[PDB]
>>> print(open('my_file20.tsv').read())   # TSV, N, CA and C atoms
chain	number	residue	atom	x	y	z
F	1	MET	N	-27.10	11.16	81.02
F	1	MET	CA	-26.79	9.81	80.50
F	1	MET	C	-26.17	8.97	81.62
F	2	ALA	N	-24.87	9.16	81.86
F	2	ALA	CA	-24.09	8.28	82.74
F	2	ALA	C	-24.24	6.83	82.31
F	3	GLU	N	-24.17	6.59	81.01
F	3	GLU	CA	-24.61	5.32	80.45
F	3	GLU	C	-23.37	4.58	79.97
F	4	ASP	N	-23.16	3.37	80.48
F	4	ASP	CA	-22.21	2.43	79.90
F	4	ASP	C	-22.91	1.12	79.57
F	5	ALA	N	-23.08	0.87	78.28
F	5	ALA	CA	-23.46	-0.44	77.81
F	5	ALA	C	-22.36	-0.92	76.88
F	6	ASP	N	-21.71	-2.01	77.23
F	6	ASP	CA	-20.75	-2.67	76.37
F	6	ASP	C	-21.26	-4.08	76.16
F	7	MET	N	-21.50	-4.44	74.92
F	7	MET	CA	-22.26	-5.64	74.61
F	7	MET	C	-21.61	-6.51	73.55
F	8	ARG	N	-22.18	-7.69	73.44
F	8	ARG	CA	-21.72	-8.76	72.58
F	8	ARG	C	-22.92	-9.36	71.88
F	9	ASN	N	-22.65	-10.08	70.81
F	9	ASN	CA	-23.69	-10.75	70.04
F	9	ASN	C	-23.05	-11.94	69.36
F	10	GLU	N	-23.88	-12.77	68.74
F	10	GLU	CA	-23.52	-14.12	68.34
F	10	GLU	C	-23.69	-14.25	66.84
F	11	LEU	N	-23.10	-15.31	66.31
F	11	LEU	CA	-22.83	-15.46	64.90
F	11	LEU	C	-23.84	-16.37	64.21
F	12	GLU	N	-24.09	-16.08	62.93
F	12	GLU	CA	-24.90	-16.90	62.05
F	12	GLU	C	-24.03	-17.55	60.98
F	13	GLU	N	-23.85	-18.87	61.07
F	13	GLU	CA	-23.04	-19.61	60.12
F	13	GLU	C	-23.78	-19.85	58.81
F	14	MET	N	-23.26	-19.31	57.70
F	14	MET	CA	-23.90	-19.53	56.41
F	14	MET	C	-23.90	-21.02	56.09
F	15	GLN	N	-25.02	-21.53	55.58
F	15	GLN	CA	-25.15	-22.95	55.25
F	15	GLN	C	-24.08	-23.42	54.29
F	16	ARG	N	-22.92	-23.84	54.80
F	16	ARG	CA	-21.91	-24.30	53.86
F	16	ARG	C	-22.16	-25.78	53.67
F	17	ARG	N	-23.18	-26.07	52.86
F	17	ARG	CA	-23.58	-27.42	52.49
F	17	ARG	C	-23.93	-28.42	53.59
F	18	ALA	N	-23.22	-28.37	54.72
F	18	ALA	CA	-23.74	-28.84	56.00
F	18	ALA	C	-24.03	-30.33	55.92
F	19	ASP	N	-23.12	-31.04	55.27
F	19	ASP	CA	-23.19	-32.47	55.07
F	19	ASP	C	-21.81	-32.90	54.58
F	20	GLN	N	-21.55	-34.20	54.68
F	20	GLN	CA	-20.28	-34.75	54.25
F	20	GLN	C	-20.18	-34.89	52.73
F	21	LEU	N	-21.31	-34.87	52.01
F	21	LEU	CA	-21.42	-34.98	50.54
F	21	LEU	C	-20.26	-34.40	49.73
F	22	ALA	N	-19.56	-33.43	50.31
F	22	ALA	CA	-18.37	-32.83	49.72
F	22	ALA	C	-17.34	-33.90	49.39
F	23	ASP	N	-17.34	-35.00	50.16
F	23	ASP	CA	-16.35	-36.04	50.02
F	23	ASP	C	-16.35	-36.66	48.62
F	24	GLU	N	-17.51	-36.85	48.01
F	24	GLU	CA	-17.58	-37.64	46.79
F	24	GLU	C	-16.80	-36.97	45.68
F	25	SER	N	-17.02	-35.67	45.50
F	25	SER	CA	-16.15	-34.88	44.64
F	25	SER	C	-14.70	-34.99	45.09
F	26	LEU	N	-14.48	-34.95	46.40
F	26	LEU	CA	-13.12	-35.10	46.89
F	26	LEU	C	-12.59	-36.50	46.60
F	27	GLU	N	-13.47	-37.50	46.53
F	27	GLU	CA	-13.04	-38.85	46.15
F	27	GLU	C	-12.65	-38.92	44.69
F	28	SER	N	-13.37	-38.20	43.83
F	28	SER	CA	-12.98	-38.14	42.43
F	28	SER	C	-11.60	-37.50	42.29
F	29	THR	N	-11.33	-36.48	43.09
F	29	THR	CA	-10.04	-35.82	42.99
F	29	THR	C	-8.93	-36.62	43.65
F	30	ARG	N	-9.30	-37.50	44.58
F	30	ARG	CA	-8.36	-38.52	45.02
F	30	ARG	C	-7.99	-39.38	43.84
F	31	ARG	N	-8.98	-39.97	43.21
F	31	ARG	CA	-8.70	-40.94	42.16
F	31	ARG	C	-7.91	-40.33	41.02
F	32	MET	N	-8.12	-39.04	40.72
F	32	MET	CA	-7.34	-38.47	39.63
F	32	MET	C	-5.91	-38.20	40.06
F	33	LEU	N	-5.66	-37.94	41.35
F	33	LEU	CA	-4.28	-38.08	41.80
F	33	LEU	C	-3.81	-39.52	41.77
F	34	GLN	N	-4.68	-40.45	42.10
F	34	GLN	CA	-4.21	-41.80	42.35
F	34	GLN	C	-4.03	-42.54	41.03
F	35	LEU	N	-5.11	-42.76	40.31
F	35	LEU	CA	-5.08	-43.75	39.24
F	35	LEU	C	-4.33	-43.29	38.00
F	36	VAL	N	-3.71	-42.11	38.00
F	36	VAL	CA	-3.09	-41.59	36.78
F	36	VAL	C	-1.64	-41.97	36.55
F	37	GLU	N	-0.87	-42.21	37.60
F	37	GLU	CA	0.57	-42.19	37.39
F	37	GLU	C	1.01	-43.47	36.71
F	38	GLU	N	0.37	-44.58	37.08
F	38	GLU	CA	0.82	-45.86	36.58
F	38	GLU	C	0.69	-45.94	35.07
F	39	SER	N	-0.20	-45.13	34.50
F	39	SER	CA	-0.19	-44.96	33.06
F	39	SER	C	1.20	-44.58	32.59
F	40	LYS	N	1.80	-43.58	33.22
F	40	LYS	CA	3.13	-43.16	32.81
F	40	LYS	C	4.17	-44.21	33.17
F	41	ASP	N	3.99	-44.85	34.31
F	41	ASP	CA	4.93	-45.88	34.74
F	41	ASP	C	5.06	-46.96	33.68
F	42	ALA	N	3.94	-47.60	33.38
F	42	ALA	CA	3.92	-48.61	32.35
F	42	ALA	C	4.18	-48.01	30.99
F	43	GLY	N	3.98	-46.70	30.82
F	43	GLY	CA	4.23	-46.09	29.54
F	43	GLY	C	5.71	-46.00	29.26
F	44	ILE	N	6.45	-45.48	30.22
F	44	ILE	CA	7.88	-45.36	30.02
F	44	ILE	C	8.51	-46.73	29.90
F	45	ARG	N	8.03	-47.72	30.66
F	45	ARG	CA	8.65	-49.05	30.53
F	45	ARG	C	8.13	-49.84	29.34
F	46	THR	N	6.92	-49.54	28.87
F	46	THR	CA	6.49	-50.05	27.59
F	46	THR	C	7.38	-49.50	26.50
F	47	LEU	N	7.78	-48.25	26.63
F	47	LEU	CA	8.70	-47.65	25.69
F	47	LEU	C	10.10	-48.20	25.83
F	48	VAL	N	10.50	-48.63	27.02
F	48	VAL	CA	11.81	-49.25	27.16
F	48	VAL	C	11.84	-50.58	26.42
F	49	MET	N	10.87	-51.44	26.71
F	49	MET	CA	10.84	-52.72	26.02
F	49	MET	C	10.57	-52.51	24.53
D	1	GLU	N	-12.24	-38.04	35.44
D	1	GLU	CA	-11.72	-39.30	35.92
D	1	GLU	C	-12.15	-40.43	35.01
D	2	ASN	N	-13.29	-40.30	34.35
D	2	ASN	CA	-13.68	-41.29	33.36
D	2	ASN	C	-12.84	-41.16	32.11
D	3	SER	N	-12.44	-39.95	31.75
D	3	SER	CA	-11.46	-39.84	30.68
D	3	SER	C	-10.19	-40.55	31.09
D	4	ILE	N	-9.82	-40.40	32.36
D	4	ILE	CA	-8.66	-41.10	32.91
D	4	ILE	C	-8.87	-42.59	32.86
D	5	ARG	N	-10.02	-43.05	33.32
D	5	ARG	CA	-10.37	-44.46	33.26
D	5	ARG	C	-10.31	-44.99	31.85
D	6	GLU	N	-10.73	-44.19	30.88
D	6	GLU	CA	-10.77	-44.68	29.51
D	6	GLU	C	-9.37	-44.79	28.95
D	7	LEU	N	-8.60	-43.72	29.06
D	7	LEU	CA	-7.21	-43.78	28.63
D	7	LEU	C	-6.37	-44.74	29.45
D	8	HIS	N	-6.68	-44.93	30.72
D	8	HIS	CA	-5.92	-45.89	31.50
D	8	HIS	C	-6.29	-47.31	31.10
D	9	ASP	N	-7.54	-47.52	30.71
D	9	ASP	CA	-7.98	-48.83	30.26
D	9	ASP	C	-7.53	-49.12	28.84
D	10	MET	N	-7.58	-48.13	27.94
D	10	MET	CA	-6.92	-48.27	26.66
D	10	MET	C	-5.42	-48.40	26.81
D	11	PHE	N	-4.87	-48.00	27.95
D	11	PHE	CA	-3.44	-48.15	28.14
D	11	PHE	C	-3.06	-49.45	28.81
D	12	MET	N	-3.89	-49.97	29.70
D	12	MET	CA	-3.77	-51.36	30.10
D	12	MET	C	-4.17	-52.31	28.99
D	13	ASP	N	-4.83	-51.80	27.95
D	13	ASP	CA	-4.80	-52.48	26.67
D	13	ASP	C	-3.41	-52.35	26.06
D	14	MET	N	-2.94	-51.12	25.90
D	14	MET	CA	-1.78	-50.82	25.06
D	14	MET	C	-0.51	-51.45	25.59
D	15	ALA	N	-0.26	-51.28	26.88
D	15	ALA	CA	0.88	-51.90	27.50
D	15	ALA	C	0.87	-53.39	27.27
D	16	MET	N	-0.31	-53.99	27.24
D	16	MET	CA	-0.40	-55.42	27.01
D	16	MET	C	-0.39	-55.76	25.53
D	17	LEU	N	-0.80	-54.82	24.69
D	17	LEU	CA	-0.71	-55.02	23.26
D	17	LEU	C	0.74	-55.18	22.87
D	18	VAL	N	1.55	-54.21	23.28
D	18	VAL	CA	2.94	-54.21	22.88
D	18	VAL	C	3.69	-55.27	23.66
D	19	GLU	N	3.24	-55.58	24.87
D	19	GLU	CA	3.76	-56.72	25.60
D	19	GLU	C	3.62	-58.00	24.80
D	20	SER	N	2.39	-58.34	24.44
D	20	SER	CA	2.13	-59.60	23.75
D	20	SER	C	2.80	-59.65	22.39
D	21	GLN	N	2.86	-58.53	21.68
D	21	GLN	CA	3.67	-58.49	20.47
D	21	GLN	C	5.14	-58.70	20.75
D	22	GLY	N	5.61	-58.26	21.92
D	22	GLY	CA	7.03	-58.19	22.17
D	22	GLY	C	7.79	-59.49	22.10
D	23	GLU	N	7.16	-60.57	22.50
D	23	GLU	CA	7.80	-61.88	22.49
D	23	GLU	C	7.90	-62.47	21.10
D	24	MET	N	7.06	-62.04	20.17
D	24	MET	CA	7.20	-62.55	18.81
D	24	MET	C	8.60	-62.23	18.31
D	25	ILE	N	9.16	-61.12	18.77
D	25	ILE	CA	10.52	-60.78	18.42
D	25	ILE	C	11.45	-61.84	18.97
D	26	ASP	N	11.15	-62.35	20.16
D	26	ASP	CA	11.94	-63.46	20.69
D	26	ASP	C	11.72	-64.72	19.88
D	27	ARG	N	10.59	-64.81	19.18
D	27	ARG	CA	10.37	-65.96	18.30
D	27	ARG	C	11.25	-65.82	17.07
D	28	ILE	N	11.39	-64.59	16.58
D	28	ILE	CA	12.34	-64.28	15.52
D	28	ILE	C	13.75	-64.55	15.97
D	29	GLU	N	14.02	-64.29	17.26
D	29	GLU	CA	15.37	-64.30	17.82
D	29	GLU	C	16.13	-65.55	17.42
D	30	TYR	N	15.43	-66.67	17.32
D	30	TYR	CA	16.03	-67.87	16.75
D	30	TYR	C	16.15	-67.73	15.24
D	31	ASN	N	15.05	-67.40	14.57
D	31	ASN	CA	14.99	-67.48	13.12
D	31	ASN	C	15.72	-66.34	12.43
D	32	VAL	N	16.35	-65.44	13.17
D	32	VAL	CA	17.05	-64.32	12.58
D	32	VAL	C	18.52	-64.61	12.29
D	33	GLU	N	19.16	-65.42	13.12
D	33	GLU	CA	20.60	-65.66	13.01
D	33	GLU	C	20.92	-67.14	13.01
D	34	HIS	N	20.13	-67.96	13.70
D	34	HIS	CA	20.25	-69.38	13.44
D	34	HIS	C	19.84	-69.67	12.02
D	35	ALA	N	18.90	-68.90	11.49
D	35	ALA	CA	18.65	-68.92	10.06
D	35	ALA	C	19.91	-68.54	9.29
D	36	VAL	N	20.61	-67.50	9.75
D	36	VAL	CA	21.90	-67.15	9.15
D	36	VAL	C	22.88	-68.27	9.39
D	37	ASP	N	22.76	-68.93	10.54
D	37	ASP	CA	23.64	-70.04	10.84
D	37	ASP	C	23.43	-71.15	9.83
D	38	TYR	N	22.25	-71.24	9.23
D	38	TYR	CA	22.12	-72.15	8.11
D	38	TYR	C	22.69	-71.54	6.84
D	39	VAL	N	22.40	-70.26	6.59
D	39	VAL	CA	22.65	-69.70	5.26
D	39	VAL	C	24.15	-69.56	5.01
D	40	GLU	N	24.86	-68.86	5.89
D	40	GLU	CA	26.28	-68.63	5.61
D	40	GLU	C	27.09	-69.91	5.76
D	41	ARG	N	26.79	-70.71	6.77
D	41	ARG	CA	27.49	-71.96	6.94
D	41	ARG	C	27.21	-72.92	5.79
D	42	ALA	N	26.09	-72.73	5.09
D	42	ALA	CA	25.83	-73.51	3.89
D	42	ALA	C	26.56	-72.94	2.68
D	43	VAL	N	26.44	-71.64	2.41
D	43	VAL	CA	27.03	-71.14	1.18
D	43	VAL	C	28.55	-71.08	1.26
D	44	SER	N	29.11	-71.19	2.46
D	44	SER	CA	30.52	-71.47	2.61
D	44	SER	C	30.87	-72.86	2.13
D	45	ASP	N	29.88	-73.74	2.02
D	45	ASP	CA	30.06	-75.07	1.45
D	45	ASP	C	29.68	-75.12	-0.03
D	46	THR	N	28.67	-74.36	-0.45
D	46	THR	CA	28.25	-74.38	-1.85
D	46	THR	C	29.38	-73.86	-2.72
D	47	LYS	N	30.05	-72.82	-2.23
D	47	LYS	CA	31.24	-72.28	-2.87
D	47	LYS	C	32.41	-73.25	-2.78
D	48	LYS	N	32.39	-74.14	-1.79
D	48	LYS	CA	33.35	-75.22	-1.68
D	48	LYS	C	32.82	-76.52	-2.27
D	49	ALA	N	31.54	-76.57	-2.63
D	49	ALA	CA	30.99	-77.72	-3.33
D	49	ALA	C	31.42	-77.78	-4.80
D	50	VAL	N	31.80	-76.65	-5.40
D	50	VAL	CA	32.35	-76.68	-6.76
D	50	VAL	C	33.70	-77.39	-6.73
D	51	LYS	N	34.43	-77.21	-5.64
D	51	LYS	CA	35.73	-77.82	-5.44
D	51	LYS	C	35.59	-79.25	-4.96
>>> encode(input="my_file20.tsv", output="structure tokens")
Amino acid sequence: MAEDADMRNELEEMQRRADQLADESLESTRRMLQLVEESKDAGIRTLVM
Amino acid sequence: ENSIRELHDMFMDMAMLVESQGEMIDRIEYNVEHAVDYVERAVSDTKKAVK
């Protein structure tokens, strides 16, 4: 023998959707963080008045 | 989020519903005790009108 082979190889990235399209769902989850609180804001002060 | 939009829009209804109703109480605000200002200040005289 007298054999030394030490080797390397390269990676295959699984198609993780591979587009920005993920953002739109992320935009919906923005808005549900965003547009919800003022309901309570005006709710508690509607209840004050 | 559309459920949110719907309840938030029914709530920008609601906050304004109770808002717009709210001032009618200020309309009463005169007629609740200035009305009393007529009633008691008058019957203090009706009871003195016999005299």
>>> closest_atom_pairs(input="my_file20.tsv", of="chain F", to="chain D", cutoff="9 Å", atoms="only C-alpha atoms", output="tab-separated table")
residue	atom	partner	partner_atom	distance
F:28	CA	D:1	CA	6.7
F:29	CA	D:1	CA	8.1
F:31	CA	D:1	CA	7.1
F:32	CA	D:1	CA	5.8
F:35	CA	D:4	CA	7.7
F:36	CA	D:4	CA	6.8
F:38	CA	D:8	CA	8.4
F:39	CA	D:8	CA	6.0
F:42	CA	D:15	CA	6.6
F:43	CA	D:15	CA	7.0
F:45	CA	D:15	CA	8.8
F:46	CA	D:15	CA	5.9
F:49	CA	D:22	CA	7.7
>>> axis_aligned_box(input="my_file20.tsv", around="stretch 23-41 of chain F", padding_each_side="5 Å", output="lines of an AutoDock Vina configuration file")
center_x = -6.3
center_y = -40.9
center_z = 41.4
size_x = 32.6
size_y = 22.1
size_z = 27.6
>>> select_by_dssp(input="my_file20.tsv", residues="chain F", states="alpha helix (DSSP H)", output="number ranges by chain")
F: 22-34, 37-48
>>> atom_distance(input="my_file20.tsv", atom1="atom N of residue D:42", atom2="atom CA of residue D:24")
25.5 Å
